[PDB]
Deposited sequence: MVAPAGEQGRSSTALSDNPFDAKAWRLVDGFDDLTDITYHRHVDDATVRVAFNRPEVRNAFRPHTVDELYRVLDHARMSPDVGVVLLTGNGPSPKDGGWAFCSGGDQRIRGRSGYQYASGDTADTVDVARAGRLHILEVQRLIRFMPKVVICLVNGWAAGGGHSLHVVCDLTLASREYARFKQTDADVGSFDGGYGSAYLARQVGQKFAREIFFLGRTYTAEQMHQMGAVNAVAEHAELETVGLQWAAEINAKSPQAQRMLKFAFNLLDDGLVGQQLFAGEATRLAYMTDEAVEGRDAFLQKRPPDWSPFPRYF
């Protein structure tokens, strides 16, 4: 079992969680967010997404958290099988019911100024596959990671990050193959294609996760933030620019030049820009 209880502490205020677990590391700036429905191959129902959102949002807003490990608990108490996430659990009520609340989760992972590593501990199918795709990094169980894009089998499709963004990891030929055929791939296979960063022994998956997390946390958090947004930038168009530029704005705010401008507004005087040069 990848989960090492000794390493994790419950996060305050999340006692009511049923479909998701949420831990903070005993020492490191890292959290563990996991699907907690192993009986159903960790499929998400609307309540799961609600909880996932809440938890990830909380982790986004925690200034002492640098890295999110996104995984699935297991194994299944019914048949011993391992799953990361098998996707969606298969008049005012109607709009609130049919949701794409998962697309919001995808955006949350994409936009949060911290690194999200998906630890694929088992089946990653449909929406669960797409969650892995959108995470920044992926580490996968050698013995048990299974990647299967089953959307088209049931008449569904992720026409967004699940597919188009996958192509920016494995290239257009591989990505089209993954969706068009819906075959099952191992960790090593996906690693060879370029969607999985590294493969780890099943029982060491979270240990390797934590080691990756610690290497990320050992660097300047400002740089890591800028970096994530630089990687996102052009692919995400104006949104990519908005988030990168937003960090540039924050950096500028801290400078002497920007204090001068702020001062002179409050003091009703003209600003003096003579101390600060025109860099080229």
Deposited seq positions with no alpha-carbon in the coordinates run 1 to 17, 108 to 124
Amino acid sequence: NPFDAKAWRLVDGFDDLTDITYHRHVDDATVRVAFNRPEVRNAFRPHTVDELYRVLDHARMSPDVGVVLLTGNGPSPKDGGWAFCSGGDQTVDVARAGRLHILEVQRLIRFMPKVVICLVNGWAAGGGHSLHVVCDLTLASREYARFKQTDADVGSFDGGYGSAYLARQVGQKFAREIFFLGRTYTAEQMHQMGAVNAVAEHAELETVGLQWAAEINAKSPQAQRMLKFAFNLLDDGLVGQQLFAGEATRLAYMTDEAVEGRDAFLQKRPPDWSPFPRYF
From here on, numbers count along this sequence of modelled residues.
Is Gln149 unbuilt in at least a third of the other PDB entries compared?
no
As a check of understanding, is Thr91 unmodelled in at least a third of the other compared entries that model its flanking residues?
no
With respect to the recorded C-alpha B factors, which stretch has the higher mean value, 74 to 82 or 160 to 168?
74 to 82
Given the B-factors recorded for C-alpha atoms, which segment has the greater mean, 234 to 242 or 210 to 218?
210 to 218
Which one of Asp89, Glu104, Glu204, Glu143 shows the biggest C-alpha B-factor in the PDB entry?
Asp89
Tertile call for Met226 (CA temperature factor, within chain, third-based) is the middle
By the recorded C-alpha temperature factor, relative to the other modelled residues in its chain, which third is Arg110 in?
lowest
Taking the values exactly as deposited, rank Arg96 by C-alpha B-factor within its chain and report the matching third: lowest, middle or highest.
highest
